[PDB]
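One-letter residues, chain by chain:
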Amino acid sequence: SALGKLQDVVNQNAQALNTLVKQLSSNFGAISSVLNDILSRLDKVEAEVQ
Amino acid sequence: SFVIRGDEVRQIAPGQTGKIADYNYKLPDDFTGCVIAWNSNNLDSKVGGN
């Protein structure tokens, strides 16, 4: 428990990288988060909007 | 300049698909221009078929 300042720095940088990776699963309003899935479902001009 | 049937006129656009757009005349996705059409039944039809 005494080393909490150093463990906190290790924890914060791990949590920031895990959050950055988990944001690849988000849609942001698109039909899918998987990029090849969009390109399989849709025509060229519609896929570009997604 | 070319002649086609009325149902096919709406195939002449950027990003479209259909037999004339597919196999006869393709516009690019970045097209800058205008597509003009007029019915020509009196000029281009013939009795027994043109």
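This text goes with the structure placed above it.
Residues numbered from 1 in each chain as written, not as in the entry; some residues may be left out. Chains lettered and ligands numbered in written order. Part of a larger assembly, values for the part shown. Heavy atoms only, no water.

All right, on to the overall build of chain B then. Regarding its fold elements, chain B presents three helices and zero strands. Traced from its N-terminal end to its C-terminal end, chain B shows the element sequence α-α-α. Taken against the 2.2 N^0.38 rule, which gives 10 Å for 50 residues, the C-alpha radius of gyration of chain B at 13 Å runs more than 25% over that of a compact globule. Here the C-alpha coordinates of chain B stretch approximately 40 × 20 × 15 Å along the principal axes. Accessible surface, chain B as shown: approximately 4500 Å² in total, 50% of it carbon and sulfur. (Helix = DSSP H or I, 4+ residues; strand = E, 2+ residues; numbered from the N terminus. Rg over C-alpha atoms; globule rule 2.2 N^0.38 Å. Areas by Shrake-Rupley, 256 points an atom, 1.4 Å probe, with all protein chains shown as cover.)

A few words on the pattern of salt bridges. All names here are of chain B. Under the defined criterion, the tally for this structure stands at four salt bridges over all chains. Note that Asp7 is salt-bridged to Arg5, the shortest N-O span being 2.8 Å. Side by side, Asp7 and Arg5 carry an identical accessibility label, which is exposed. Of the charged contacts, one joins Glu8 and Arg5 as a salt bridge, the two residues approaching to 2.8 Å between their closest N and O atoms. Judged by relative accessible area, which is 15%, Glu8 ranks as buried. For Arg5, a relative accessible area of 51% puts it in the exposed group. Look at the salt bridges and you will find they share partners, linking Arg5, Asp7 and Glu8 into a network. (Salt bridge = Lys/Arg side-chain N within 4 Å of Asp/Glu carboxyl O. Buried < 20%, exposed > 50% of the residue type's maximum accessible area, 1.4 Å probe, protein only.)

In short, the description is geometric, and any link to function would need to be established separately.
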